[PDB]
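A quick write-up on the structure given underneath.
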Amino acid sequence: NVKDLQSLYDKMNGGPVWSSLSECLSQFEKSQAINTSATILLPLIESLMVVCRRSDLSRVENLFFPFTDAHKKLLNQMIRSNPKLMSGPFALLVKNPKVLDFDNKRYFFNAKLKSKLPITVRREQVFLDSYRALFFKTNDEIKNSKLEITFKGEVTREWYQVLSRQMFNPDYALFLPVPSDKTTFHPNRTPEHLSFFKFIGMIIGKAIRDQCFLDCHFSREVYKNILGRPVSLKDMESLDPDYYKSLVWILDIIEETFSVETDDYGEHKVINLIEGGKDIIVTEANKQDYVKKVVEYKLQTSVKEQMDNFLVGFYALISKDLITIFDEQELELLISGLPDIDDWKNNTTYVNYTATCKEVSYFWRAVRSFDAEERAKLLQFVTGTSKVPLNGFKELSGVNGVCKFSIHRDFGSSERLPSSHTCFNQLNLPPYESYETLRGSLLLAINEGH
C-alpha cells in the first residue's frame, strides 16, 4: 500500500512547489524586518508532513530529512510559539528528533508524561529507610503521590539530592568511579543489589517526573542502554582499562583469543565471548567482530540482570516510547539540569595553534554564539560529561587528574569533522577557511556524535 501511495505523491510532481516553499521559509529566516508572521505558510508545511508520514523514516522519500534539517531554526521557533502543533500534523517531527530543540523536546515530553506519601528516614541512612518504605509500595500509589520526607532528628528536593549522593557511593558497590572520569560513575559487574538497582531506577524516574535535577552523572553506556540505543566502540574510552587499552594496540603482536580475565572478590575467572572463546584464535579475519563482541561484553552482557532490573524499575514511571525521542547527550541534561559553563576560554592549551590564530578565534566566536544548552552539549562532547568540576575548568580531572582542555590542529582537509577524546579532554580541530563552515562542522560533530 505504501509503495503505490508514495508513487501517487510523486505523480503529483509537487517538487517544484516544495523547492519554492524552501525558498520563502529561508527568506523568513533571513529577513528580520518582516512583521506579519511565518505561520501563513503553516498548512503548506503541514502538507509536507502528510506526504512523508508513511515513508521510511530511518522526491517524496528523500525530502523529510533534507528539508527539516534545513528549516529546524524556523520549525523550533514555530513550535515554541505554539507547542500544540506537536499534537497536530507536526507530530512527525518527533520521528526526526535531531531538529527539535532541547527546550521544546522536554516541554513536549513533560506534556505527554504528565498527561501525599509522608515518611520518616534517617539523614545518614536515608537510602535504606527510603528503600524499605517505598519500594514495597504500589507503582501507581508512588507514581501519583507526592513525598513528604522527614529526617530523623529534624521537603523533597533535598531528599532527592541526598539520596542521589548516597545511592552511588562506592560503599554499596552499586556504582563505581569511571577511570579517567572520576567525576562520573559506571555500573557494577559484581546482597540484595538487584532490588537496590530497581529502586535506583524508580527514584531516577520519579526525579524526572518531579523536575528535580539529580546532581549525579552516569557513563555514556548507561544512558545509551536506558534509551535502548546501541553501544559503539568509542564508549569504552570513558572506562577503557589496561585490558581495553591493549585492544587498540592489537587492533599478531598478541595471541589474542575470545576470552576475558576477571578478578571477582579474590577469585580469578575466565569469560568466554563465543563457543571455544579461549580456543578460538583472534585473527585479522575475525577482528571486526571480535571488537564488537568485546564491547558487547564490556557494556551490555556483563551487567545483564542488573541492567534489566534497572530498566524495568525506571520504565515503571516513563514509557520507552516517550523517552525514545531524547538523545544520549540530552538525557544527561534532563536528569541533572544544564551546566552553566570564560574560565574555560582562558584555562585551555593549544597544539599547533595559538590563542590569536584565525582558526582558534573562529572557534571561540562560534562557541560564544552558542546558547547554554548548546554549550552544555559541547562540554559533554569534549570532556564526555555535562558537569563542570566543583572548581573552575582549570581543575579538570583525568587519568592522573588535573588534565585540562587541550585543542590540537588537524592536518586533514577542511571537510574533516573535528574529533575528540574524552579520556584526555582533548579536542582535534581542522583549519577552516570560513567561520560559517567551522560553525556548521562543529554543530554537526557535536549533534551527530551521539
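Quick note on numbering: the sequence shown equals residues 2769 to 2826, 2847 to 2903, 2910 to 2948, 2956 to 2991, 2996 to 3056, 3062 to 3151, 3154 to 3262 in PDB author numbering. Cβ atoms here follow ideal geometry from the backbone N, Cα and C, with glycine treated the same way.
What are the partner residues of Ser3069, as DSSP defines its beta bridges? As a first step, residue 3069 must be located in the sequence shown, where it is residue number 259. Answer is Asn3082, bridged to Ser3069.
Anyone know if the C-beta pair for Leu3121 and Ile3031 falls short of 8 Å? Numbered from its first residue, the sequence shown carries residue 3121 at position 311. Numbered from its first residue, the sequence shown carries residue 3031 at position 226. Result yes, Cβ atoms of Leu3121 and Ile3031 sit closer than 8 Å.
Provide the residue(s) that pair with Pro2912 in DSSP beta bridges, ordered along the chain. Here residue 2912 refers to the residue found at position 118 when the sequence shown is read from its first residue. Its beta-bridge partners are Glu2942.
Between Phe2852 and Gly2783, what straight-line distance do the alpha-carbon atoms span, to the nearest angstrom? Counted from its first residue, the sequence shown places residue 2852 at position 64. Counted from its first residue, the sequence shown places residue 2783 at position 15. So the alpha carbons of these two residues sit roughly 12 Å apart.
Find out if the Cβ-Cβ distance for the pair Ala2858, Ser2799 is shorter than 8 Å. Here residue 2858 corresponds to residue number 70 of the sequence shown, with the count starting at 1. Here residue 2799 corresponds to residue number 31 of the sequence shown, with the count starting at 1. Contact check for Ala2858 against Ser2799 fails: the beta carbons are separated by 8 Å or more.
Quick check on the DSSP output: the beta strand (DSSP E) that includes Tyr3162 runs from which residue to which? Here residue 3162 refers to the residue found at position 350 of the sequence shown. It spans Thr3160 to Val3163 - the beta strand (DSSP E) in which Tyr3162 sits, taken as one unbroken run.
With a threshold of 16 other CB atoms inside 10 Å of the CB of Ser3024, please say whether the residue is buried or exposed. The residue given as residue 3024 occupies position 219 in the sequence shown. Answer is buried; the Cβ neighbour count reaches 16.
So what's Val3027 in DSSP terms, helix, strand or just coil? Working through the sequence shown from its first residue, we reach residue 3027 at position 222. In the displayed model, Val3027 falls within a helix according to three-state DSSP.
Flag this pair as yes or no: are the beta carbons of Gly3123 and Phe3223 separated by less than 8 Å? As a working note, residue 3123 is residue 313 in the sequence shown. As a working note, residue 3223 is residue 411 in the sequence shown. Taking 8 Å as the cut-off, the beta carbon of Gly3123 is found no closer than this to the beta carbon of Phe3223.
Mapping DSSP to helix, strand and coil, what is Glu3077? Locating residue 3077 in the sequence shown gives position 267, where the first residue counts as 1. The answer is strand: DSSP assigns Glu3077 an E or B state.
Continuous beta strand (DSSP E) stretch holding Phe3217: start and end: Numbered from its first residue, the sequence shown carries residue 3217 at position 405. First-last of the beta strand (DSSP E) with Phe3217: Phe3217 to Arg3221.
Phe3236 - DSSP class collapsed to helix/strand/coil: Taking the first residue of the sequence shown as 1, we reach residue 3236 at position 424. In this structure, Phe3236 counts as coil in the three-state DSSP scheme.
If we require 4 or more residues per run, which alpha helix (DSSP H) segments fall completely within the region 3082-3121? Scanning the region 3082-3121 from its first residue to its last, the whole alpha helix (DSSP H) runs of 4-plus residues come out as 3098-3109.
With DSSP as the reference, label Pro3243 as helix, strand or coil. The count along the sequence shown starts at 1 and reaches residue 3243 at position 431. Reduced to three states, the DSSP call for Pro3243 is coil.
Could you give the DSSP three-state label for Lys2983: helix, strand or coil? Within the sequence shown, residue 2983 is the residue found at index 182, counting from 1. Here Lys2983 sits in strand by DSSP.
Output the distance between the C-alpha atoms of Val2887 and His3262, rounded to the nearest integer angstrom. Here residue 2887 is taken as the residue at index 99 of the sequence shown, counted from 1. Here residue 3262 is taken as the residue at index 450 of the sequence shown, counted from 1. Straight-line measurement puts the Cα of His3262 at about 14 Å from the Cα of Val2887.
Which residues mark the beginning and the end of the alpha helix (DSSP H) in which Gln3016 is found? Working through the sequence shown from its first residue, we reach residue 3016 at position 211. No alpha helix (DSSP H) holds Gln3016; DSSP gives it neither H nor E.
Give every residue of the same chain whose Cβ lies closer than 8 Å to the Cβ of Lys2861, excluding the five residues on either side of it in the sequence, and list them in chain order. Residue mapping note: residue 2861 aligns to position 73 of the sequence shown, counting from 1. For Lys2861, where only same-chain residues beyond five positions count, the Cβ hits under 8 Å are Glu2797.
Spatial neighbours of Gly3087 within its chain, please: CB distance less than 6 Å, with the 5 preceding and 5 following residues excluded, ordered by chain position. Taking the sequence shown and counting its residues from 1, the one referred to as residue 3087 is at position 277. In chain order, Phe3068 and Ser3069 place their CB closer than 6 Å to the CB of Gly3087, counting only its own chain and leaving out the 5 sequence neighbours on each side.
What is the rounded straight-line gap between the Cα of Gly3252 and the Cα of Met2866? In the sequence shown, counting from the first residue as 1, residue 3252 sits at position 440. In the sequence shown, counting from the first residue as 1, residue 2866 sits at position 78. The alpha-carbon atoms of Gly3252 and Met2866 are separated by roughly 22 Å.
On a CA-only basis, which of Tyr2777, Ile3133, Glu3186 and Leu2977 is nearest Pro2885? Give me that one, please. Within the sequence shown, the letter at position 97 stands for residue 2885. If we check each option's Cα against that of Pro2885, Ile3133 comes out closest.
Could you name the residues of the same chain whose beta carbon sits closer than 6 Å to that of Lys3108, not counting the 5 residues immediately before and after it, in chain order? In the sequence shown, the residue the question calls residue 3108 occupies position 298. Cβ neighbours of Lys3108 beyond the five flanking positions: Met3041.
Option nearest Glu3142 by Cα separation, candidates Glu3066, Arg3221 and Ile3009: Along the sequence shown, read from residue 1 onward, the residue named residue 3142 stands at position 332. Of the listed residues, the one whose Cα sits closest to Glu3142 is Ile3009.
How about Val3105 and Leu3044: are their beta carbons less than 8 Å apart? Stepping through the sequence shown from its first residue, residue 3105 is reached at position 295. Stepping through the sequence shown from its first residue, residue 3044 is reached at position 239. No, these two residues do not count as a Cβ contact at 8 Å.
When you compare the CB positions of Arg2868 and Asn2898, do they come within less than 8 Å of one another, or not? For this step, residue 2868 is matched to residue 80 along the sequence shown. For this step, residue 2898 is matched to residue 110 along the sequence shown. No, the pair does not count as a contact, with Cβ atoms beyond the cut-off.
Would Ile3258 pass as an interface residue toward chain B - the criterion being a Cβ-Cβ separation below 8 Å? The structure shown contains no chain B; it holds only a single protein chain.
Please report how far the alpha carbon of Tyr3048 lies from the alpha carbon of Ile3055, in whole angstroms. If you number the sequence shown from 1, residue 3048 lands on position 243. If you number the sequence shown from 1, residue 3055 lands on position 250. About 11 Å.
Inter-residue Cα distance where the pair is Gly3076 and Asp3020: One-based indexing of the sequence shown puts residue 3076 at position 266. One-based indexing of the sequence shown puts residue 3020 at position 215. Taking the straight line joining both Cα atoms gives about 33 Å.
Let me know the secondary structure DSSP gives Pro2871 once reduced to three states. Taking the sequence shown and counting its residues from 1, one reaches residue 2871 at position 83. Helix at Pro2871.
Beta-carbon separation of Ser3226 and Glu3245 under 8 Å? Reading the sequence shown from its first residue, position 414 is the one you call residue 3226. Reading the sequence shown from its first residue, position 433 is the one you call residue 3245. Taking 8 Å as the Cβ cut-off, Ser3226 and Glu3245 qualify as a contacting pair.
So for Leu3250, helix, strand or coil by DSSP? Here residue 3250 corresponds to residue number 438 of the sequence shown, with the count starting at 1. Helix at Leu3250.
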